[PDB]
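Notes follow once the structure below has been shown.
Chains as they are written, first to last, in this note's numbering: chain A, 2 to 292; chain B, 202 to 471.
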């Protein structure tokens, strides 16, 4: 039923085929529900997606485009899978998209994705980004990896500026309210009791802290190993071992205020221990996209 | 005596592992190296010695050895190593093991004179030898026809690995012999590649979810490409034919997530 969200945030179309803006893509990432679909013929397509090299290929690429972009439903699901993918599966997905074995993804790979779309039953933005105007340009692994990390990082930045409310910093209330976004309302309100009572001022929460935290939340199942080890061993996880587990998982240290605030959040009982069960359950509810 | 045979399955599949431990442990609390096989089934025994499974945590540890993909395994080696020198002696594992529970294999695999100098490769060999011996024992319980188990035997092995009491798939299992009136057999290498593939489904789940949130129609060439990609294993078409004949419940030709992959992933979770 992921077609129905594409039905929701469509705003332009062509020959019965709904499209989106990059902005509608970003709203499908974040916003629940809001527009008017307008029609486009071929001259409109050229005037919109002309000049893709004008956009900078850094970490602001859809903000470099704004509305200048039309996204097929195949590209829509493709970018959603990029947003859901952990770091480890990069070269694996690249070689699965390397059917011809030529260390490359080609335009026939996207046409085979459209073959999948057809079995489930027009020049777009990423076609120009990775293959030029007609597909004559090629696509290697390094551009692919940089594109995936830039996309995820720009999503991190846009959520950061949403919940930080335009500042370069965050408070702990903003971090908790973002972190408890896809939680059920009763546990949310018990957590809000924990916010009102057990959370304090602390200090401002920076950008790289949130970036490392989002990098943590894309590696939850590999983090769950020592969790189930000391779960079936029934060792309630303290903060010092949690530091070691996070460092082994991500490869990067979180700051102590992150760990302190997380420990103030997920300790319902205040018993200096970890209820890892509800932690991991509502966390897997929380890091599921498409919603 | 089926009433004990079926009764052991629920406890060995769902109960806490100390209830699984004391039900199969006789020395007192200790198991033998051969009580462990009865605990895991409804030569490396000579290497295990007698000092084994003191506080049912060598059970947990070798269970983890049986249930860990390779990128989950190297990071387990990371979380063993305290100082991060790339070696784990028996002393660091003793320090971890006291935290776990809060030595005849430590004398075997780490060092003889309390001298543990352990690379990543030996730790990999440990898992490979142990899991390959367990897989060989499971291959030889069903008495292969000159190294070729039958179709219902391999389907029973898959259902024993899945751990879900599906009466539908149980009905399909005894139909497998009736669908394929001829069966050439399933060799040990066909088993050895395919359970290697089944070990890594949560890594395979990356491209499978890529496929899946678009469509749920799994064909054989995609599975063989991801098998040869991730696990670097080869799946013969007889194996995927058996899998399609066993698990395609609606019979639409190609598998969805909740037919096969979601259930196998849920087994990998618990």
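A virtual CB, placed ideally from N, CA and C, is assigned to each residue, including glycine.
Query: Straight-line Cα distance separating residue 236/A from residue 80/A; Result: 39 Å
Query: Nearest candidate by alpha-carbon position, reference residue 115/A, set 276/B, 244/B, 409/B, 415/B; Result: 415/B
Query: Nearest-angstrom Cβ-Cβ length linking residue 49/A and residue 71/A, presumed shorter than 8 Å; Result: 6 Å
Query: Same chain, Cβ closer than 7 Å to residue 196/A, neighbours up to 5 away in sequence not counted; Result: 174, 177
Query: Contact with chain A by residue 255/B, beta-carbon distance below 7 Å; Result: no
Query: Minimum Cβ-Cβ distance from residue 411/B to chain A less than 7 Å; Result: yes
Query: For residue 257/B: DSSP bridge partner residues; Result: Residue 257/B pairs with nothing; no bridge assigned.
Query: Amino acids of chain A, ordered along the chain, whose beta-carbon sits closer than 9 Å to that of residue 416/B; Result: 117, 118, 120, 121
Query: Residue 96/A at chain B interface by Cβ criterion, 7 Å; Result: yes
Query: Minimum Cβ-Cβ distance from residue 273/B to chain A less than 7 Å; Result: yes
Query: Where the beta strand (DSSP E) through residue 15/A begins and ends; Result: 13-15
Query: Chain B residues whose Cβ lies nearer than 9 Å to that of residue 291/A; Result: 414
Query: Beta-carbon proximity of residue 436/B to residue 425/B, cut-off 7 Å; Result: yes
Query: Short CB-CB distance (under 7 Å) between residue 397/B and chain A; Result: no
Query: Test: residue 281/A CB closer than 7 Å to a CB of chain B; Result: no
Query: Environment of residue 427/B [buried if 16+ CB atoms lie within 10 Å]; Result: buried
Query: Neighbour-count burial assignment, residue 406/B, 16 or more Cβ in a 10 Å radius; Result: buried
Query: Alpha-carbon to alpha-carbon, residue 39/A and residue 463/B; Result: 40 Å
Query: At least 3 beta-carbon pairs within less than 8 Å: the stretch 141-160 of chain A vs the stretch 241-256 of chain A; Result: no
Query: Continuous alpha helix (DSSP H) stretch holding residue 18/A: start and end; Result: Segment 18-20 is the beta strand (DSSP E) holding residue 18/A; no alpha helix (DSSP H) there.
Query: For residue 171/A: DSSP bridge partner residues; Result: 206/A
Query: The ligand HEM heavy atom lying under 6 Å from the CB of residue 233/A; Result: The model on display carries no ligand, and the ligand HEM is accordingly not part of it.
Query: Chain-ordered neighbours of residue 236/A on chain B, where CB pairs are closer than 8 Å; Result: 300, 301, 303
Query: Interface residues of chain A facing residue 258/B [CB-CB closer than 8 Å]; Result: 234
Query: 7 Å Cβ cutoff, residue 279/B in contact with chain A; Result: yes
Query: Paired residues, beta bridge with residue 40/A - DSSP; Result: 14/A
Query: Selected residue, minimal CA-CA separation from residue 131/A, among 61/A, 117/A, 149/A, 255/A; Result: 149/A
Query: Closer than 8 Å at the beta carbon, the chain B residues around residue 246/A; Result: 280
Query: Chain A contacts made by the stretch 419-438 of chain B, where a contact means CB separation under 7 Å; Result: 426, 427, 430, 431
Query: Residues that residue 408/B contacts on chain A, provided the C-beta gap is smaller than 8 Å; Result: 90, 93, 94, 97
Query: Rounded distance between the beta-carbons of residue 455/B and residue 420/B, thought under 8 Å; Result: 5 Å
Query: Residues near residue 450/B by beta carbon distance below 7 Å, same chain, minus five either side; Result: 369, 460
Query: Residue 248/B - DSSP class collapsed to helix/strand/coil; Result: helix
Query: Pairwise C-alpha distance: residue 348/B and residue 32/A; Result: 58 Å
Query: Nearest-angstrom Cβ-Cβ length linking residue 446/B and residue 380/B, presumed shorter than 8 Å; Result: 5 Å
Query: Neighbouring residues, chain E, relative to residue 458/B (Cβ below 9 Å); Result: Here chain E cannot be found, since the structure's protein chains are A and B.
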